[PDB]
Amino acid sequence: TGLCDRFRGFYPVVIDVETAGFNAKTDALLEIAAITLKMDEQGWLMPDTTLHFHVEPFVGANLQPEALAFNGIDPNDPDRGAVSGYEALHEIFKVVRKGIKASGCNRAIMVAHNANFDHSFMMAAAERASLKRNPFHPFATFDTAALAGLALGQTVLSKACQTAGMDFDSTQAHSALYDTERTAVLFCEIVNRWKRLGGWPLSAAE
């Protein structure tokens, strides 16, 4: 019933980013949020710690007009309270390492909707900042689009949440924090439903 027992020692951390384009190498990271998870004594999964940041475009970054028009972000607005990617990621890694230790896990794994995209941007931001001992697995992820495809027959975030009986407010859809929170509740509902129906533990079916 321990978190470290559930995914062979992977510590699931839910992540969402907003960006200034599709290229993780060249395009700015603009927002990032992170939610760690915990299991209670009965082995039920729920959100734990929540972090969120507006991120300043890195020096030399590209910004796609079409991307800014899509997500509504204006990185030039001095009232957005941006911090550096270094500051944002450094804080996330600190919280994540602490969770990993506390829970007895060995490595963090990113949980995200269409996880490749977010993984790519987070890793590149990590590399730009020269952060040491990145707690996240360098290529494994838990894509909630695929998990929802299985659990709920839906692959789009908003539709998956709806099918799962969750609220989803589209006016908040371009916010990394909102998306991260909805995805965390979504992931937990999928893991918990699996357990509740007798799919886990593997011994439970008998």
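Numbers for residues come from their place in the sequence shown, where the first is 1.
When the Cα temperature factors in the entry are averaged, is it 141-149 or 168-176 that ends up higher?
Mean CA B-factor is higher for 168-176.
Determine, for stretches 194-202 and 10-18, which one has the higher mean CA B-factor as deposited.
Between 10-18 and 194-202, it is 194-202 that shows the higher mean C-alpha B-factor.
Report the third (lowest, middle or highest) to which the CA temperature factor of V156 belongs, ranking only the modelled residues of the same chain.
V156: CA B-factor falls in the highest third of its chain.
What third of the chain, by the recorded C-alpha B-factor, contains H119?
Bottom third by C-alpha B-factor.
State the tercile, meaning the lowest, middle or highest third, of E56 with respect to the CA B-factors recorded for its chain.
Its C-alpha B-factor, which the entry lists for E56, ranks in the middle third among residues of this chain.
Please place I73 in the lowest, middle or highest third of its chain by C-alpha B factor as given in the entry.
CA B-factor rank for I73: middle third.
Is the Cα B-factor recorded for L63 in the lowest, middle or highest third of its chain?
Highest third.
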